[PDB]
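Chains as they are written, first to last, in PDB author numbering: chain N, 2 to 69; chain G, 80 to 176, 184 to 319; chain g, 59 to 115; chain A, 2 to 101; chain X, 39 to 156. All C-beta atoms, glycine included, are put in the ideal place defined by N, C-alpha and C. Notes follow the structure.
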Amino acid sequence: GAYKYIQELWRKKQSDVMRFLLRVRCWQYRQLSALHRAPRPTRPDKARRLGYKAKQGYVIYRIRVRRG
Amino acid sequence: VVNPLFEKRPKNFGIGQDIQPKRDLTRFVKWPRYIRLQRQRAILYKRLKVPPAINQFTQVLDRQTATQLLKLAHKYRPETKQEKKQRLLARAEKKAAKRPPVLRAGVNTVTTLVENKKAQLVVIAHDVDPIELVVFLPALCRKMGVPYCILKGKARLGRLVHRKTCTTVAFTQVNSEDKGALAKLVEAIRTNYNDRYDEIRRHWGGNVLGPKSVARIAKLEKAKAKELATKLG
Amino acid sequence: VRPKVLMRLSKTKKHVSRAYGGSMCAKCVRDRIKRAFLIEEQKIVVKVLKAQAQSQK
Amino acid sequence: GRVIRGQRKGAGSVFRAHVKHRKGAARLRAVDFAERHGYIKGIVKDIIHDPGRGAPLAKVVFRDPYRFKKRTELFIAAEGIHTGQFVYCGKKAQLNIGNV
Amino acid sequence: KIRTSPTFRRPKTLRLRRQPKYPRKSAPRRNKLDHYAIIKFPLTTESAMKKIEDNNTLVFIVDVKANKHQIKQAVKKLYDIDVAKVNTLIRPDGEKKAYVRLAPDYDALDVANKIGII
RNA sequence: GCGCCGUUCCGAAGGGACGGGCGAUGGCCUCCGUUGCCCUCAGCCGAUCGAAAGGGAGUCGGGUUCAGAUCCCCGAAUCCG
RNA sequence: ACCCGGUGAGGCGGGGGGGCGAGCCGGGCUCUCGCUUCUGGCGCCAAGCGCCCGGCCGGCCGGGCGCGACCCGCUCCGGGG
Ligand SMILES: [Mg+2]
Ligand SMILES: [Mg+2]
Ligand SMILES: [Mg+2]
Numbered sequence: 002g003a004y005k006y007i008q009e010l011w012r013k014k015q016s017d018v019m020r021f022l023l024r025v026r027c028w029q030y031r032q033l034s035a036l037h038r039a040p041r042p043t044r045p046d047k048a049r050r051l052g053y054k055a056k057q058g059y060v061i062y063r064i065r066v067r068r069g
Numbered sequence: 080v081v082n083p084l085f086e087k088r089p090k091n092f093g094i095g096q097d098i099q100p101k102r103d104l105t106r107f108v109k110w111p112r113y114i115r116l117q118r119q120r121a122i123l124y125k126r127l128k129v130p131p132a133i134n135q136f137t138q139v140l141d142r143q144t145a146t147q148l149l150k151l152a153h154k155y156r157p158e159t160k161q162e163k164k165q166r167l168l169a170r171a172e173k174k175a176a184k185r186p187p188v189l190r191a192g193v194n195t196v197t198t199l200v201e202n203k204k205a206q207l208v209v210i211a212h213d214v215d216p217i218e219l220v221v222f223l224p225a226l227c228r229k230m231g232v233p234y235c236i237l238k239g240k241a242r243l244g245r246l247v248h249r250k251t252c253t254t255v256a257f258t259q260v261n262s263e264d265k266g267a268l269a270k271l272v273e274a275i276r277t278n279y280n281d282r283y284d285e286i287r288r289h290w291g292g293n294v295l296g297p298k299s300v301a302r303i304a305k306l307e308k309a310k311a312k313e314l315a316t317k318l319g
Numbered sequence: 059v060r061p062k063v064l065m066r067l068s069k070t071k072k073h074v075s076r077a078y079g080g081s082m083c084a085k086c087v088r089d090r091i092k093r094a095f096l097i098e099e100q101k102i103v104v105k106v107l108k109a110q111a112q113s114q115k
Numbered sequence: 002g003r004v005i006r007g008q009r010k011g012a013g014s015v016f017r018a019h020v021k022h023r024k025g026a027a028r029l030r031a032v033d034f035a036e037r038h039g040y041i042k043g044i045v046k047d048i049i050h051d052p053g054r055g056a057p058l059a060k061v062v063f064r065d066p067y068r069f070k071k072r073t074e075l076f077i078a079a080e081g082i083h084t085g086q087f088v089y090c091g092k093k094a095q096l097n098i099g100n101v
Numbered sequence: 039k040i041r042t043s044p045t046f047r048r049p050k051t052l053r054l055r056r057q058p059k060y061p062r063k064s065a066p067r068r069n070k071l072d073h074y075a076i077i078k079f080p081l082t083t084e085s086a087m088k089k090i091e092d093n094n095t096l097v098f099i100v101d102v103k104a105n106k107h108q109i110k111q112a113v114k115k116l117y118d119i120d121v122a123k124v125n126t127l128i129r130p131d132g133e134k135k136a137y138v139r140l141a142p143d144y145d146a147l148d149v150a151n152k153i154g155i156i
C-alpha cells in the first residue's frame with residue numbers, strides 16, 4: 002500500500018524535498034507555541050507504528066524541548 | 080425652489096488641516112498570531128525554492144475538464160448509510176421471498199489497485215496538509231502508465247463521497263454508457279500529465295520575490311537601461 | 059470646598075452664569091474670544107490674498 | 002572574600018533608581034504620516050523640572066490627526082523655548098530653535 | 039466590511055446558560071440557621087433587667103453567624119412583637135449579645151413576664 | 001522537577017453601554033421595565049493584594065452604670081441609596 | 001531564517017488624476033509637489049451629489065449604498081542580516 006512509500010519517504014531525510022519540508026515545518030512549529038494540540042499527526046505512518054489509531058479519545062500534542 | 084440655507088461644507092483632509100476619516104485599514108490590522116502565521120507561510124511557499132515533487136501539485140487541471148470529471152464522478156458515487164440499510168432490507172425481503187462499480191477512495195486502496203493495474207483515472211487533491219502522503223503517487227502512476235489528474239480543493243472531492251475530505255479517487259470500472267467520455271477525459275489528462283512529466287521534473291519552484299522588492303529591482307534596472315540607452319543614442 | 063461636598067450644592071453654587079462658567083476666568087475668556095475672531099479674520103484675509111494671486115497669475 | 006560593591010550594585014533592590022517623583026520618560030513623537038510627509042503643530046503648555054535630571058522638560062500638547070483627542074508629550078526643553086509657543090514637528094517644518 | 043480600528047479584538051461569540059440534565063445535589067439543604075436555632079436564650083442579669091425596665095429593650099444571646107435583620111425578623115416571629123432597632127455585640131465568651139429595642143406600643147416588662155424571665 | 005522569571009513583555013486580554021429593528025412574555029397588554037438575537041458604539045493598562053498615622057460623603061449637647069458611652073436614653077441634625 | 005526600535009501595529013510599494021518649471025512639433029516625455037508658520041481660539045460622531053425602495057395622502061414621514069475619502073498588492077513600517 003501507501004504506507005511503505007510514506008515510510009521510506011520519511012526515511013530519506015537528506016534529499017531536497019525532505020530538507021525543504023523539515024525546514025518549513027521547523028519554522029512553522031517554532032512560530033507556534035511551546036505546547037499545543039496537533040489534531041492530526043505530522044507522521045501518520047510513524048503514529049500507526051507507535052500505536053495511534055483514528056478514533057475518539059486519541060489526542061496528539063506537539064510540544065517543543067529546548068535543545069542542549 | 081431649493082432651500083438657500085443648505086450650505087456645502089467640505090472638509091479639507093490635508094496634513095494637519097482636519098481629522099482623518101475612518102477609511103479602509105485592512106492592511107494595517109495587528110492580526111492574531113495564527114492568521115499572521117498562515118499568511119506568511121504561504122508567502123514562504125511563494126519565496127523558497129520549491130522542489131518539483133511539491134511543484135507538481137501547483138499545476139491544476141482546468142475548470143472545463145474538472146466540471147466534466149465531476150459530472151462523470153457523480154454517476155459512480157458510493158453508497159449512503161441509509162442506502163446500505165435499504166439494500167440490506169431488499170436482500171432480507173429477497174431471502175424471505184451483480185454489484186455495480188463504485189469509487190475506490192484512500193491512498194492505500196488507490197496505490198494497491200494501481201500496482202494491480204486496475205485504475206484508468208486517478209484524481210488527486212492538491213491541498214493535503216501533510217504532503218508526504220501523495221508525493222510518490224504521480225510518479226508511481228507515471229511508471230505504471232496510469233492517467234492522473236490534480237484538482238483544487240479536497241472538500242469538493244470529499245463531497246463527491248459521503249465524507250469530509252478525500253485525497254485520492256480511483257476510477258476502476260465504468261459501464262458501457264460512460265466509456266466514451268471517460269476515454270476523452272483520459273486522453274486529455276494523459277496528454278496534460280504523462281506526456282509531459284519530464285518537464286514537470288525539470289520545472290523548479292519558487293524564487294519569486296515580493297512586489298516591493300521586485301518593483302525596486304525593476305526600477306533600478308529600467309533606470310540603468312534608460313542610462314545605457316541615452317549614452318549610445 | 060472639598061470635592062465630594064459638591065453633590066450637596068446646587069447648580070448655581072458650583073458655576074457662574076457665563077460662557078466657560080466655572081472653568082475659565084473672564085479675562086482669558088474674552089481674550090480667547092478675541093483670538094478666535096482674529097485668527098478667523100486672518101484666514102479670510104489669506105483667502106482674499108490667495109484669490110488675488112490666482113487672479114493675477 | 003565577600004561579594005564586592007560593583008557586584009552588589011548589579012543585583013539591585015538597594016541601588017535601584019529613585020523614580021517615584023519623576024514625571025515620566027522624556028520621549029519624542031512616534032513616526033506617522035504627519036512626521037513623515039508634512040508636519041503637525043503643537044502648543045507648549047508649561048515647562049516643568051524633572052527630578053534626577055539637569056534638563057527641564059516641557060509638556061507639549063499635540064492634536065491627534067486620527068482621533069479627536071489632544072495628546073501630550075514630554076519633550077526635552079531646549080534653551081530658548083518659552084511657554085505659549087507653537088512647536089512644529091514633521092519633515093516640512095522650518096529650521097529654528099523649538100522645532101524638530 | 040471595512041476595518042475601522044486597526045486593533046482586532048476578540049469577536050463577541052455566543053455562549054449559553056446552564057441547562058443541566060440533572061442537578062449536582064439531590065436535595066437542597068434545609069435552613070440550619072432556623073429562628074429557633076438563632077436565638078439561644080435571654081439573659082437574667084441584674085444589668086439586663088435594669089436595661090429592660092428602663093430603656094424598653096430585651097437582652098438575648100444569639101449565634102455569631104447572624105445579621106441584625108435576622109435578629110429583627112427572629113424576634114418579630116418568635117415573640118409576636120415589633121422591633122424598633124437591634125444593637126449587637128460579640129461577648130468575650132463567644133456568643134452575640136443582642137439589645138433589641140422595641141416599639142413603645144408594647145411593654146418590655148409585660149413581654150418579659152409573658153416569656154417568663156424576671 | 002517542587003516550581004522559577006516576567007507585570008505589559010513573543011496575547012483573539014471587552015460580556016460593557018446609547019440608539020434602531022424583530023419575536024417572546026409581565027402588569028387597567030395604554031405605556032414602560034425585564035430578558036433573547038441582529039445592526040451599531042467604545043481606546044486604555046493591566047486579574048488581585050497592599051496604610052486601624054496617606055486620600056476618603058456624613059453627629060453634637062445634656063443625662064445615665066459597681067464596669068460601656070460622638071454607641072444606651074432625651075433633644076437636635078446630617079450623609080448615601 | 002534570525003535580532004532591534006515604534007505603534008492603539010493609521011495611509012508602505014507601484015499604477016493612476018491635477019497643478020507648478022525646461023526644451024520640441026493642442027500632443028507625448030525626465031524631475032519636484034499633493035493643500036496647515038505674525039497670534040497660549042476652535043476642529044469627532046459628514047455637509048453636498050447621484051441611485052434606490054418602504055409607508056401615508058405632485059405633496060408628507062422614516063431608511064440603505066457609492067462618491068466626498070482613486071486603484072492594484074504578498075510580508076505592519078523602518079534598521080541590520
Ligand atoms: Mg544573589
Ligand atoms: Mg485594598
Ligand atoms: Mg487608611
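Going by DSSP, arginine 62 (chain X) is part of no alpha helix (DSSP H) at all; its letter is neither H nor E.
Counting C-beta atoms within 10 angstroms of its own C-beta, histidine 38 (chain A) has fewer than 16 neighbours from the protein chains shown and is therefore classed as exposed. For the options G:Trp290, G:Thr258 and G:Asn82, the alpha carbon positioned closest to that of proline 157 (chain G) is the one of G:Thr258. If you check the C-beta of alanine 12 (chain A) against ligand 1, you find a heavy atom less than 7 Å away. The DSSP-derived three-state label of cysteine 27 (chain N) is helix. For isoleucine 303 (chain G), the enclosing alpha helix (DSSP H) has its first and last residue at 297-318.
Counting only Cβ-Cβ distances below 8 Å, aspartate 103 (chain G) has contacts in chain X at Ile40 and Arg41, in chain order. Proximity of chain X to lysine 150 (chain G) at the Cβ level (cut-off 8 Å) is not reached, the minimal Cβ distance being about 36 Å. Apart from sequence neighbours up to five positions away, the residues of its chain that approach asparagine 293 (chain G) with a beta-carbon distance below 7 Å are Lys128, ordered along the chain. The beta-carbon distance between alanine 86 (chain X) and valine 97 (chain X), rounded to whole angstroms, is 4 Å. This is short enough to meet the 8 Å contact definition. CA-CA distance, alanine 26 (chain A) to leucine 75 (chain A), rounds to 7 Å. By the C-beta density criterion, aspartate 97 (chain G) is exposed, having fewer than 16 other C-beta atoms within 10 angstroms. Inclusion of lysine 24 (chain A) and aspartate 51 (chain A) in the CB contact set at 8 Å is warranted, their separation being smaller than that value. The three-state reading of DSSP puts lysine 46 (chain A) in strand, counting E and B together. Burial state of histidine 73 (chain g) is exposed, judged by a 10 Å Cβ sphere holding fewer than 16 other Cβ atoms. When C-alpha distances from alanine 152 (chain G) are compared across G:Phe85, G:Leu243, G:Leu167 and G:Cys227, the shortest belongs to G:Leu243. Judged by DSSP secondary structure, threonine 198 (chain G) falls within the alpha helix (DSSP H) whose first and last residues are 193-201. Residue pairing for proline 80 (chain X): DSSP places it in a beta bridge opposite X:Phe98. Within chain G, no C-beta atom comes less than 8 Å from the C-beta of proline 49 (chain X); the nearest is roughly 11 Å away. With 16 or more neighbouring CB atoms inside 10 Å of its own CB, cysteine 90 (chain A) falls in the buried class. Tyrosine 137 (chain X) sits in a strand when the DSSP states are folded into three classes. Assigned with DSSP and collapsed to three states, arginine 64 (chain A) falls in strand.
Proximity to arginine 41 (chain X) across G:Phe92, G:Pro100, G:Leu318 and G:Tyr124 peaks at G:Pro100, based on C-alpha coordinates. The shortest CA-to-CA distance from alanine 122 (chain X) to any of X:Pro130, X:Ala136 and X:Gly132 is the one to X:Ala136.
In the DSSP assignment, the residues bridged to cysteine 235 (chain G) are G:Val209. With a threshold of 8 Å between beta carbons, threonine 258 (chain G) makes no contact with chain N. Exclusion of the five residues before and after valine 15 (chain A) leaves no residue of its chain whose Cβ lies closer than 6 Å to its Cβ. The beta-carbon of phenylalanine 222 (chain G) is placed less than 8 Å from the nearest beta-carbon of chain N. One thing to note: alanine 48 (chain N) has its Cβ no nearer than 8 Å to the Cβ of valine 193 (chain G). Partner residues in the beta bridge of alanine 59 (chain A), as assigned by DSSP, are A:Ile48 and A:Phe76. DSSP places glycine 292 (chain G) in the coil class of the three-state scheme, outside both helix and strand. For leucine 54 (chain X), the secondary structure class from DSSP, reduced to helix, strand or coil, is coil.
Neighbourhood of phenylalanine 107 (chain G) in chain X, by CB distance below 9 Å: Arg41 and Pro44, in chain order. Secondary structure of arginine 118 (chain G) (DSSP, three-state): helix. In the structure shown, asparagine 280 (chain G) adopts coil according to DSSP, grouped into three states.
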